[PDB]
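First the structure, in the form of structure tokens, and then the observations on it.
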Amino acid sequence: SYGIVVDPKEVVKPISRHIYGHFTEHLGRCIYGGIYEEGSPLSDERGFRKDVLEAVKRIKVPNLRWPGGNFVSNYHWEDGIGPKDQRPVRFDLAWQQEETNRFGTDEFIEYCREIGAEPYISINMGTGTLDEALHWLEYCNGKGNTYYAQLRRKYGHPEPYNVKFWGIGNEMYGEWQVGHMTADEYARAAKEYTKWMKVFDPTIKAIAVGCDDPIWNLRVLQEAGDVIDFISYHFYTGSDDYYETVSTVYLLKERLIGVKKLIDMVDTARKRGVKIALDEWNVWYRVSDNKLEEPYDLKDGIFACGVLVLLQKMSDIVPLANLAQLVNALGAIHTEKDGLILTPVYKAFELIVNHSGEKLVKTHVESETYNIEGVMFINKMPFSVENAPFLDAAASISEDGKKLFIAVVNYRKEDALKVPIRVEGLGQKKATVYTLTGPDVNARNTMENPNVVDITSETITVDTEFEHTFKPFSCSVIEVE
Amino acid sequence: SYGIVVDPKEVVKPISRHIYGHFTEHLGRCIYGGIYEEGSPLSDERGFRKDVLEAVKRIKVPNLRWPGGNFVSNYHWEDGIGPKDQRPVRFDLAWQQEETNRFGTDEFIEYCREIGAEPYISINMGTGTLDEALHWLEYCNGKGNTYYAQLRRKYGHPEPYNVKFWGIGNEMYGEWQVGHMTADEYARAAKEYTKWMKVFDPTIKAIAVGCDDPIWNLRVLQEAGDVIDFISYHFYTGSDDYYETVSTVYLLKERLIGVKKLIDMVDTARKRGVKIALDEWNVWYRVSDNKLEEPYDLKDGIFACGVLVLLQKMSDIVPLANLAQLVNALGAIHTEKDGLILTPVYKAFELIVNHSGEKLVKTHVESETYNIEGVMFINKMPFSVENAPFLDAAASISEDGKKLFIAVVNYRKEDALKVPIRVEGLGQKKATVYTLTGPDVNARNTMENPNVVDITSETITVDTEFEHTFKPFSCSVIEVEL
Amino acid sequence: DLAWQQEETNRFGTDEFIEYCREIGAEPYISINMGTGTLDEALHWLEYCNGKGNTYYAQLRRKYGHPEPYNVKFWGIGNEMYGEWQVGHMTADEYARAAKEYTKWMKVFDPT
Ligand SMILES: OC[C@@H]1O[C@@H](O)[C@H](O)[C@H]1O
Ligand SMILES: OC[C@@H]1O[C@@H](O)[C@H](O)[C@H]1O
Ligand SMILES: OC[C@@H]1O[C@@H](O)[C@H](O)[C@H]1O
Ligand SMILES: OC[C@@H]1O[C@@H](O)[C@H](O)[C@H]1O
Ligand SMILES: OC[C@@H]1O[C@@H](O)[C@H](O)[C@H]1O
Ligand SMILES: OC[C@@H]1O[C@@H](O)[C@H](O)[C@H]1O
Ligand SMILES: OC[C@@H]1O[C@@H](O)[C@H](O)[C@H]1O
Ligand SMILES: OC[C@@H]1O[C@@H](O)[C@H](O)[C@H]1O
Ligand SMILES: OC[C@@H]1O[C@@H](O)[C@H](O)[C@H]1O
Ligand SMILES: OC[C@@H]1O[C@@H](O)[C@H](O)[C@H]1O
Ligand SMILES: OC[C@@H]1O[C@@H](O)[C@H](O)[C@H]1O
Ligand SMILES: OC[C@@H]1O[C@@H](O)[C@H](O)[C@H]1O
Ligand SMILES: OC[C@@H]1O[C@@H](O)[C@H](O)[C@H]1O
């Protein structure tokens, strides 16, 4: 009833490196007090929190999304460039804060270079214009003599930033968004912005706004599916119950398959190979204010491990994903003036991203399954999932072919699971198992106790067949050879 | 590389018995000269062709759809009831033929009763009205003193017919349909007709029209997803090329998953458990006239075996399917005045429905796969399929738990496959393999040679592990006592 | 009659009109009713006039005295359907769709 079979010689498909993306919005203390804090003793002279930097570098961010989120739909990017003391203070409608614009495009790009991430910029389609977006693109990517390319040089960067990922609006369907649009308006607008941005720089990838309204999605695909590269999906989940939280990995799975099928049903989109960008996702159900400082526990970190494992298996369909968000706001990392906490959501990335290959290999998993009905998100919406596995895994190998990584999530709350594992043609060797778990499903890290939830390692002896006991509510990578 | 592991003690889900249903339209010689031929030396006292009747009983039809198809969207069911001599001759717009109406509701129900099939009636939403559909339903199902219930009694049938399946229109999106509608029109009308019909008889199942247009499907699910029970899907396929034909089993599979996910995306539909009725499907690509006598070959019968195995594994999403059509028109069975021909499409049904269980059990298949880019249907539309298997299987067990059926399709065009099969906890014993096969991919049965493509039986010995050599382009059922 | 507010006895009808046409040597040109009429009703008029087979309305023309088809060549698909004075008047989109529908099925029955 439980077992795992891996064939390292059978490569199924690449795993897109962008599944491990992140997102920082100008919301609460995400940016100001989070990644950035002028005159914190913990910041360098650019204002970057150095302790945050060290934690972000450790999870090897492939791409970073900015600046929103709801914020970008009332953000004018030119307010954020040039001599800092000359930048206007603006009232942000989305989260109802004064915004000083001291963190703006050039500082965001500097932050990306620092951490090694590809910038992923979202444009303003609420109060912004086509010209305004093309100017932002020209500023970042232009290598000619246009005014905004010159302006980037004048402000201290001769070389183009080459921003590759551009988000065509944020959540333009929602009544909460400034300048929100109907399906027809947004679909025509997404086609218009995308096609002209691509006339200026044909190398960019454009992410168009998707949601759960299947008519919305289809209008977007029908109208813009000849020029866009992704349609985005946002997924937020969770409740006080353990199984109700972690099972929604498998709800997310069905949601994604649905969006994929929509793409399949629009010839031009199916033919260009439009894909999905899961560009916002996390647990989010406890907090509902303008700071969103959700206190993640181990339960939430197991959900996060389950998503990363899922994306390794589905990255051909969903090559771009971005946890919402990096710091403080729905934060993987929580900061205080005098330190930081690494939540179990952070730990999920610290585990998977440091123990994972570039190619997915044939993995066949035997598992008991369960059915569940629960609630999710801040409004406690009911959902159900059928046949969610208690045990799930994905095996990957490194580019060179020297290392095998078997990630295993044991969702069982109540019991450890002894699992026979088979690996075809594997010698008999030593391997390290890295395990994320904690003392109970509501365990948390604090300033006082920063490692209640942490990754432990043990050496084990491995063969073509072997068994391993996986603790309850845990995720482990068996790193071999 | 190729292998099959079955666990007969792990029951995955039931297999809906309605996946093997059939469809007879008033099209060309499907009815007149097909199932029904008044005065033929081959017909009984009701005018039913007896040779056809024997062939239809052999495939254990679980439900039979009638009378269309494009036909029904200009059919007035009252034209086909009462003393046959007084039924009016009509010009059928769909297929441009005079319809004498000598085969109508009472004859159809009698036909269904004779073959043991549940009737499935489509209603006319092209030229018909709400009243007219209500009256048809009252005639068939009314147990009271209403005019139409009394009329059914008067014409010789006191007991109500209890027709369970009702088709809410046919292909109402297509410009070829008489009275075709926009999506918003049809979605509102489907809601209106279904809801009042269920006020008269809450026990019926309503099938609403779906297609390949996702906006159409979603209007229908959004507007009527609170009252309909199924959304229908039609699937026609085929080309001259062997792989282009059989691989579209797997195009269908993705089309179905598509429509299922549309249902998932409409909360009222999803919560009501709205399913798919694949209520027309076949190979159709050679003939384009008003008679549609598509000359099915073995390649086409292999596509059909592939669909039935697929439906065994997906019947929880697609519990109702109907091959189009039973006789002559896209015909599984082809008739002439002096006999009939069983096509390999008919043989697919002969094989699977006689050798299959009621519950699907755990079946893991190893198979090499292939990708293809082809054309399909009379207009040769391009399609592509990714990772179609060369080998597929579904294992099922009988209701009592005492017979195992392992259906296996070898799609390879040229080579036999010796496949290792494991059945968990099986003793060593004898079993029978029933195999639908023929000499080449284009083989056909004829009047002169009715058995070129047919089902063979042989004893083999099985055990917990055994092997069997499966002919190329063949389907087999290994039937085992447990 | 709603259009001219008169009692219409119908003592002059299709058969008398055709007979009048044959008397004067004119091709009949018949306008159909798209106000209170239906597609079936138009098709039945056409079948009565032009059918040469065994359809109910062809037989009906024979029963009333005229075994040979009338072969009416000109059919008016509606009259002034845009006008508010017309019974059952239509918008452009409604009339356009209906004209296509009536015309195409009438021509399936008689393509001449
Ligand atoms: O991540 C918080 C908010 O979630 C989504 O509703 C918005 O795009 C973002 O501003
Ligand atoms: O803000 C998170 C939201 O919950 C869903 O309704 C919104 O569309 C999704 O983006
Ligand atoms: O109820 C709204 C919830 O917000 C979204 O992320 C969840 O998917 C949606 O179901
Ligand atoms: O094969 C299972 C799912 O159905 C397909 O359409 C999706 O691409 C895939 O992830
Ligand atoms: O498993 C833990 C990760 O692997 C190491 O390289 C990272 O620094 C460490 O945190
Ligand atoms: O501690 C875990 C770190 O990640 C591993 O890859 C490093 O070698 C190991 O020391
Ligand atoms: O739910 C599907 C049903 O399961 C079987 O028991 C019935 O015969 C079949 O029609
Ligand atoms: O079965 C042939 C025709 O195919 C479909 O187009 C129609 O519903 C049916 O009349
Ligand atoms: O008649 C078969 C047809 O080809 C497809 O476009 C139609 O919708 C389908 O019903
Ligand atoms: O021309 C298209 C073919 O008719 C339909 O049945 C096929 O599915 C459709 O793709
Ligand atoms: O047939 C099983 C299909 O696989 C999944 O991708 C769909 O949700 C489910 O209907
Ligand atoms: O395998 C063929 C079928 O099994 C027997 O009952 C059927 O009559 C026979 O034709
Ligand atoms: O002939 C094959 C028929 O199918 C079986 O069930 C019958 O016994 C067998 O004779």
Side-chain angles (χ1 to χ4, degrees), chain A residues 1-7 242-251 253-254 302-303 305-306 309-310 312-313 361-374 384-395 406-424 426 433 435 437 441 460 462-478, chain B residues 3-15 312-313 316 357 359-366 393-397 401 404 406 420-427 463-465 482:
Chain A
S1 63
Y2 294 103
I4 300 167
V5 174
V6 177
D7 184 11
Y242 171 78
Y243 279 120
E244 294 189 5
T245 300
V246 306
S247 70
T248 63
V249 172
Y250 300 91
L251 177 68
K253 188 170 177 256
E254 283 297 326
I302 293 302
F303 164 82
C305 291
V309 164
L310 184 66
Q312 284 188 359
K313 288 149 61 153
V361 300
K362 183 190 167 180
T363 321
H364 169 84
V365 183
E366 280 302 318
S367 183
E368 314 264 53
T369 65
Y370 62 97
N371 302 319
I372 181 147
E373 305 200 299
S384 42
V385 162
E386 298 170 34
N387 304 304
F390 280 109
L391 185 73
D392 198 358
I406 310 168
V408 184
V409 180
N410 176 1
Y411 292 103
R412 275 200 87 87
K413 176 189 182 156
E414 291 88 15
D415 299 294
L417 278 178
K418 180 180 251 194
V419 174
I421 297 170
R422 178 173 168 94
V423 183
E424 307 285 348
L426 213 223
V433 185
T435 295
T437 189
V441 297
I460 60 156
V462 135
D463 206 358
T464 302
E465 301 212 3
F466 68 95
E467 299 188 351
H468 186 88
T469 302
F470 294 93
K471 301 190 177 186
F473 50 101
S474 72
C475 178
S476 311
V477 188
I478 297 161
Chain B
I4 302 168
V5 176
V6 175
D7 182 355
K9 289 154 163 312
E10 192 186 9
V11 170
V12 179
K13 61 203 188 175
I15 300 173
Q312 288 188 352
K313 304 194 266 162
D316 56 316
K359 315 210 263 306
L360 178 78
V361 290
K362 179 53 136 60
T363 315
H364 175 83
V365 186
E366 286 298 313
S396 55
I397 63 177
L404 174 72
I406 308 173
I421 302 162
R422 173 168 179 98
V423 178
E424 296 300 342
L426 180 64
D463 211 344
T464 299
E465 310 206 338
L482 316 150

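Here is how names work: the chains are called A, B, and so on, in the same order as the sequence lines, proteins then strands, and each is numbered from 1. Computation of the quantities below employed the complete heavy-atom set of this structure, encompassing side-chain atoms and omitting hydrogens, waters and symmetry-equivalent molecules.
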Item to check | Intermediate values then yes/no, side-chain contact (heavy atoms from CB on, under 4.5 Å), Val5(B) and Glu366(B) | outcome: CA-CA 9 Å; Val5(B) 176; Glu366(B) 286 298 313; over 6 Å; no
Item to check | Steps toward side-chain contact (heavy atoms from CB on, under 4.5 Å) verdict (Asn387(A), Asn371(A)) | outcome: CA-CA 5 Å; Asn387(A) 304 304; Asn371(A) 302 319; 3.8 Å; yes
Next on the checklist: With side-chain contact (heavy atoms from CB on, under 4.5 Å) as the criterion, how do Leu482(B) and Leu426(B) come out once you've worked through the C-alpha distance, each side chain's angles and the decisive distance to 0.1 Å?
Outcome noted: CA-CA 7 Å; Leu482(B) 316 150; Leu426(B) 180 64; 4.0 Å; yes
Next on the checklist: I'd like to know whether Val423(B) forms a side-chain contact (heavy atoms from CB on, under 4.5 Å) with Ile406(B), so could you lay out the CA-CA distance, the side-chain angles of the two residues, the decisive distance to 0.1 Å, and finally the verdict.
Outcome noted: CA-CA 10 Å; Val423(B) 178; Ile406(B) 308 173; 3.9 Å; yes
Next on the checklist: Pair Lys13(B), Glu386(A) - check salt bridge (charged side-chain N to carboxylate O under 4.0 Å, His left out), show working.
Outcome noted: CA-CA 13 Å; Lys13(B) 61 203 188 175; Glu386(A) 298 170 34; over 6 Å; no
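Contact between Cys475(A) and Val409(A) at its shortest, heavy atoms only, is SG-CG2, 3.9 Å. Shown here for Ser367(A) and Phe390(A), the closest heavy-atom pair between the two residues is OG-N, 3.3 Å. Between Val12(B) and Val361(B), the shortest heavy-atom contact is CG2-C, 3.8 Å. Minimum heavy-atom separation, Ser476(A) to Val433(A): CB-CG1, 3.9 Å. When all heavy atoms are compared, the tightest approach of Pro8(B) to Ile397(B) is O-CD1, 3.9 Å. When all heavy atoms of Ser396(B) and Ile15(B) are compared, the pair lying nearest together is CB-CD1, 3.6 Å.
In this structure, the side chain of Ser474(A) does not engage the main chain of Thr437(A) through any donor-acceptor pair within 3.5 Å. With hydrogens and angles ignored, the 3.5 Å screen pairs a side-chain donor or acceptor of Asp7(B) with a backbone N or O of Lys9(B).
Atom CD of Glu373(A) is surrounded by 12 or fewer heavy atoms from other residues, nucleotides or ligands within 6.0 Å.
Residues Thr464(B) and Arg422(B) form a side-chain contact, since some pair of their non-hydrogen atoms from C-beta on lies under 4.5 Å apart. Inter-residue side-chain proximity for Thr363(B) and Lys313(B) is flagged as unmet; no heavy-atom pair is nearer than 4.5 Å. You'll find the side chain of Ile421(A) stays beyond 4.5 Å of the side chain of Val408(A), heavy atoms only. A heavy-atom distance below 4.5 Å is not found between the side chains of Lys362(A) and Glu424(A). Side-chain contact check for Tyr242(A) versus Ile302(A): some heavy-atom pair is nearer than 4.5 Å.
Expressed to the nearest 0.5 Å, how far CD1 of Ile460(A) lies from OG1 of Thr469(A) amounts to 9.5 Å.
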Could you list the donor-acceptor pairs under 3.5 angstrom formed by side chains in residues 410-419 of chain A, with sequence neighbours left out?
unit_1    : atom_1 : unit_2    : atom_2 : d
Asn410(A) : OD1    : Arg412(A) : N      : 2.9
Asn410(A) : ND2    : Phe470(A) : O      : 3.1
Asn410(A) : ND2    : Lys471(A) : O      : 3.1
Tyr411(A) : OH     : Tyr250(A) : OH     : 3.2
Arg412(A) : NH2    : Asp415(A) : OD2    : 3.4
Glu414(A) : OE1    : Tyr243(A) : OH     : 2.8

